[PDB]
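Consider the single chain below, provided in structure tokens and representing the form deposited in one PDB entry.
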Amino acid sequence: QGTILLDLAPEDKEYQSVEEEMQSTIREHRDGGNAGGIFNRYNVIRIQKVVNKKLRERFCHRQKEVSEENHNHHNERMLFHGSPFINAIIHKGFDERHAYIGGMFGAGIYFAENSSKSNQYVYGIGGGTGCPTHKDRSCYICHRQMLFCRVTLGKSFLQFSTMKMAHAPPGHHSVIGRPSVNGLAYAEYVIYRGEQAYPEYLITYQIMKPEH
């Protein structure tokens, strides 16, 4: 039994709540739109819920463990994740063994509370070379995907200056760093264990051109 993908109807309050959080967390990045493209709204064309019994059990077991090490607060949070491994992730779950040891904060899995930040990672670091078909980081044609996940943060460690960690600091279960661009800092939430994140919603969308 693998993963079941369930479509949510747009009139479903669940669909509406997820699209609302995605649309409303679009922020300015002072990058000129280089990484994720130029837009100020998304055309959300599909929202599917990822249902996988085995994964959920892995996740909840770990959330209990974190509860017990954090004075009964697992500190769960709904965060967005954009990357090129989404399809692999929805079928097998997050696997930290595939993590890049050279991340600003180490070999962990990264999340953000702003959908526009996550959109910058859909095609790779800094937006890589853009969509496969058009090699366009601001492609209005190709459908993108991003996950809205339940992330178990437990006790988070606030990191300012870069630190190439392999695991959460002793006594902690996640790392939160506030990175710099050309003035704006947005938080990055990092975990180092695949089971501290569950890919709740699979969002299929397109960025939209600023209207004329």
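We call the rigid core whatever largest set of C-alpha positions still superposes within 1.5 Å between the two forms. Numbers for residues come from their place in the sequence shown, where the first is 1.
Just so you know, the form deposited in another entry exists too; it's not on screen, but the next bit is about it.
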| query | finding |
| --- | --- |
| Residue showing a 2 Å-or-more C-alpha displacement between the shown form and the other one once the rigid core is overlaid, selected from 45, 176, 184, 51 | 184 |
| Note on residue 206-residue 181 C-alpha separation in the other entry, which departs from the shown form by 3 angstroms or more | farther |
| Cα distance between residue 177 and residue 182, which in the other entry differs by 3 Å or more from this form, closer or farther | closer |
